[PDB]
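Any value given below was found using the heavy atoms of this structure, including those in side chains, with hydrogens, waters and symmetry copies removed. By convention here, the first residue in the shown sequence is residue 1.
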Amino acid sequence: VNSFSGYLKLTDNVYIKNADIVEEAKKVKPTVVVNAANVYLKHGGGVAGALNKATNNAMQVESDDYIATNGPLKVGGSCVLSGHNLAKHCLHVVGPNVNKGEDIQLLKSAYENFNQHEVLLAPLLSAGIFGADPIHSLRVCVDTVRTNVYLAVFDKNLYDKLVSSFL
Ligand SMILES: O=C(O)Cn1nc(C(F)(F)F)c2c1CCCC2
């Protein structure tokens, strides 16, 4: 049993809810929240801008030190950093950004990072400001992640639609 509440069950391991990932993280304080990161860990908007704002910019400060030491992530890659006031840990995962021309095949590689964590609160990778089809992102998630993932869809139409059209 875990603390997640109100989710619709899609598969053995994937759950979904219409939610503001920030408000959900604050309520649950999960072990892992996933950030929709870019390779520079520049958290300006969408999930990253919203998560970072909720940390009062402490996520950005920590991220800038990470990049200064390690250099940029790979598209499809990830790093584990603090969850600050939102979670124990934040898994920063870089899905491909269609609005930068990145290979959508890298979305599967991005989701494979989730398998290193038993339970996660996450957004749909490459949805929102990253420019991929969220229906596709959910399919890749279901077909890639084997650990237990609790998905936060920001848009109500998209929440109702992802459940309405799920195979
Ligand atoms: O709903 C989400 O979680 C991210 N997300 N994803 C989309 C998308 F449909 F992919 F464009 C949209 C949003 C929110 C804003 C409306 C359109």
Is there a continuous path of hydrophobic side-chain contacts, each under 4.5 Å between heavy atoms, that joins [X] to [Y]?
X      : Y      : answer
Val75  : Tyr111 : no
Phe114 : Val80  : yes
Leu106 : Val93  : no
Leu121 : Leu81  : no
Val145 : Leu8   : yes

Should the heavy atoms of other residues, nucleotides or ligands under 6.0 Å from [atom1] of [X] be counted, would the total exceed 12?
X      : atom1 : value
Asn157 : CG    : no
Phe154 : CZ    : no
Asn99  : CG    : yes

Query raised in the report: With side chains defined as the heavy atoms from C-beta onward, is the minimum distance between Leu91 and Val33 less than 4.5 Å?
Result: no
Query raised in the report: Looking at side-chain heavy atoms only, is the closest gap between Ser126 and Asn97 below 4.5 Å?
Result: no
Can you spot which of [options] makes a side-chain contact (heavy atoms from CB on, under 4.5 Å) with [X]?
X      : options               : answer
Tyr150 : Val34, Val119, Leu120 : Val119
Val94  : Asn35, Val39, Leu125  : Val39
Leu162 : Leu151, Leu10, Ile16  : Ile16

Query - Backbone of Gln60 reached by a side-chain donor or acceptor of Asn52 within 3.5 Å - result: yes
Query raised in the report: Do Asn56 side-chain atoms and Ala58 backbone N/O form a donor-acceptor pair below 3.5 Å?
Result: no
Report task. Take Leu41 and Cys79, measure what side-chain contact (heavy atoms from CB on, under 4.5 Å) needs, and give me the verdict at the end. Result -> CA-CA 10 Å; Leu41 302 178; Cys79 69; 4.1 Å; yes
Query raised in the report: So, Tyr15 versus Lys9: side-chain donor-acceptor pair below 3.5 Å or not?
Result: yes
Query - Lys108 versus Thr144, side-chain donor and acceptor atoms under 3.5 Å - result: yes
Report summary line: Sorted by chain and residue number, the side chain to side chain donor-acceptor pair (under 3.5 Å) partners of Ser63 (sequence neighbours excluded) come out as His43
Query raised in the report: What residues, two or more places apart in sequence or in another chain, satisfy side chain to side chain donor-acceptor pair (under 3.5 Å) together with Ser78?
Result: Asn113
At what distance, to the nearest 0.5 angstrom, does [atom1] of [X] lie from [atom2] of [Y]?
X      : Y      : atom1 : atom2 : value
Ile21  : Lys26  : CD1   : NZ    : 13.0 Å
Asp155 : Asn18  : CG    : CG    : 8.0 Å
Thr31  : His89  : OG1   : NE2   : 7.0 Å
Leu73  : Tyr66  : CG    : OH    : 5.0 Å
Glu24  : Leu86  : CD    : CG    : 12.0 Å
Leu124 : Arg139 : CG    : CZ    : 12.0 Å

For the student: nearest non-hydrogen atoms of [X] and [Y], plus distance:
X      : Y      : result
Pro134 : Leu158 : CG-CD1, 3.1 Å
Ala48  : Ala36  : CB-O, 3.8 Å
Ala19  : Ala152 : O-CB, 4.0 Å
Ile67  : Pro72  : CD1-CA, 3.9 Å
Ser137 : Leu107 : CA-CD2, 3.9 Å
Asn13  : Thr147 : ND2-O, 2.8 Å

Report task. For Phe166 and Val142, run side-chain contact (heavy atoms from CB on, under 4.5 Å): C-alpha distance rounded to whole Å, both residues' side-chain angles, the deciding distance at 0.1 Å, then the answer. Result -> CA-CA 10 Å; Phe166 184 71; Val142 159; 3.8 Å; yes
Query raised in the report: Using links of under 4.5 Å between side-chain heavy atoms of ILVMFWY residues, direct or through other members, which residues join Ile129 in one cluster?
Result: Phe130
Query - Full working for side-chain contact (heavy atoms from CB on, under 4.5 Å) between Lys161 and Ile135 - result: CA-CA 9 Å; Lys161 158 137 139 235; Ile135 295 171; 3.7 Å; yes
Requested in this report: I would like to know whether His92 and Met59 meet side-chain contact (heavy atoms from CB on, under 4.5 Å); could you show each step before the answer?
Outcome: CA-CA 10 Å; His92 294 271; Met59 178 180 282; 3.8 Å; yes
